[PDB]
Structures are given as structure tokens and as C-alpha cells.
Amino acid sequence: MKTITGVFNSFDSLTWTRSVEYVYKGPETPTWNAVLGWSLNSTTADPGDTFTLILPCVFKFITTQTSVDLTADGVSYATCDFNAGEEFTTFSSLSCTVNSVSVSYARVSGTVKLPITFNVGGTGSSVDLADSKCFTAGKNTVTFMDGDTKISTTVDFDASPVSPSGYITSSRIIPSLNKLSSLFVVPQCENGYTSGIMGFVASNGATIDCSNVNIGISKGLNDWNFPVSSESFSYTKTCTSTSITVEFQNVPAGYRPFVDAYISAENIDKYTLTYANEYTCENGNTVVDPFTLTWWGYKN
């Protein structure tokens, strides 16, 4: 019946788990595990009271469960539902409820482990652009909040191993929507671009969701190759269920044109994009460098 704050009281560790699928400890790479400390006082907390954990800069939880319990020595003191930020908010959260228990306690403390990935960009969306500025390569402080309480720990995020000079592509599963976002950034031109055609044709069983696209020019890219800003500029586009195509003109120096779209896949773990990738740096000659990628996912 009341909302209480300050249940979560420490950020004990943030560690990345290396798997066969994932090779470098990037912020968006599954899976990061945040171990948090929590403490409840029965004189200030009653069963049915609620409290929330805030995770700034966290895209999603990597789990198929809808909730996680705060438990100690086999007793469930609270149930916390996952509320991923995704493309809706820059932060994810837990919404928790204090559980009734068969033990009486005055004070009890424990930890919880949260499987997450961070959002450092992915599209021209308001959400991704803001989060694109969340972290830099190297040492960072990751802060979560419960009401006015701030809890933090340090972590070291490797920069992308992919050169930001060439074309950039990225895809990311949006669990609540059963969709992915997918991004193409045009290769860099030193002194802007005369012209270009950027986008992708979907195949196998992928189709483009034309109601959720972003076309922008970004002022450079962050440490993970993602747009940090998005401004309009001179282009025409055509979006159909199988292809998004953006023809552009007269982009100035210092900027990177990009395009991103939501994708609906018959199989969210396997689809194919064919990328047009044509561009004519200013004062230069047209490059026509199409290529195809198969995107593979390990969603459960």
C-alpha cells in the first residue's frame, strides 16, 4: 500500500560473461551481470509495499523470466518484475513488491544478480541517441538508483574492434516487440559526400517495418560506431516490405549518413540483408560496393 525507497543499497560487482557467440566485452554484448545488495526492514516495509530499481543506460534484461526474487537462505523477501527500456526509455527498471514470509525478521539483507546489456546506441531514435552518450571506452562508473539512493561500481568497456572509417552495421533484438532494429552507416568521406544510396533489402523471412525507420546525418560516431546525433539533410527514400533505400545529396564534412529500420523476421535468430552501399565522396568518384550479411541471434 505504500511505495518505499532505498531497498537496494550497494552495487557489488558488474562482470561480463565471455561465451562462444560473443568475443569482446562491449556494453551491448550479452551478457553483463550486475550483483546488487539489498536490505529490508520490517518496521518500515510491509508485504505488498512497492519499490523500484532504476538502471540508467540499460537496454534490456537477458532472461526469458518476467521477474527475479530478492532471496536469502531460501526465503523470497520480494519479487521484482523486469521493465526493459528498449526503444521506449533510456533506462530499464525493476518494479518490486515486498513478499510476505514465514520467518519474522527485523532486518534482512541479501543480493540479487541481474543479467543485462547496456544501451550505447543503435538507431537514430531519441532513446538511442541519448544513450549513445552514456559511456566512453575504458573505465566507467555505472550508477543505478532506488529513489534518491545512488549505488555504483566501476567497469571497463572495450571499444568496438571494427574501424569506424568503413561501413558500419549492427542489429539488436527488441524482446517486447519480437522485432530487431538494424542499422547501416555509410563509409566515411573526409570532406562530405556528393551523393550516395544507402539501405538494405531483406530476405529469407525478414521484412522491413517501414513505420519505424530513422534516416539522419550524425556528427561522427561513438566508441561503438553508433550515431550520436541526427539531423535532417537532403535525401529521398523509398520503403517497401522488402527494401529501404535512401538516396542522398550534398552532405557536409564531419557527418555520417545512416539509416535504420525495425525488422520483422519469421525467425528472429536468422535473416539476411543485402546492402546497396554506394557513395561518392565530394571531389571524388562514385564507389559501388554492395555486400550481403547473414545475421544470427541466440534469443530463447
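In this text, residue numbers run from 1 along the sequence as written.
- Relative to its counterpart among 52-60 and 240-248, 240-248 has the higher mean temperature factor, C-alpha atoms as listed in the PDB entry.
- Set 257-265 against 24-32 and average the Cα temperature factors; 24-32 ends up higher.
- When the Cα B-factors of 39, 43, 232, 67 are read from the PDB record, 43 comes out highest.
- For the set 145, 174, 206, 94, the PDB entry puts the maximum C-alpha B factor at 206.
- Residue-level temperature factors show residue 165 in the highest third of its chain, judged at the C-alpha atom.
- The deposited CA B-factor of residue 120 belongs to the lowest third of values across its chain.
- Among all modelled residues in this chain, the alpha-carbon of residue 158 has a temperature factor (C-alpha) in the highest third.
- Residue 226: CA B factor lies in the middle third for its chain, per the PDB record.
- Per-chain ranking of the deposited C-alpha B factor places residue 113 in the lowest third.
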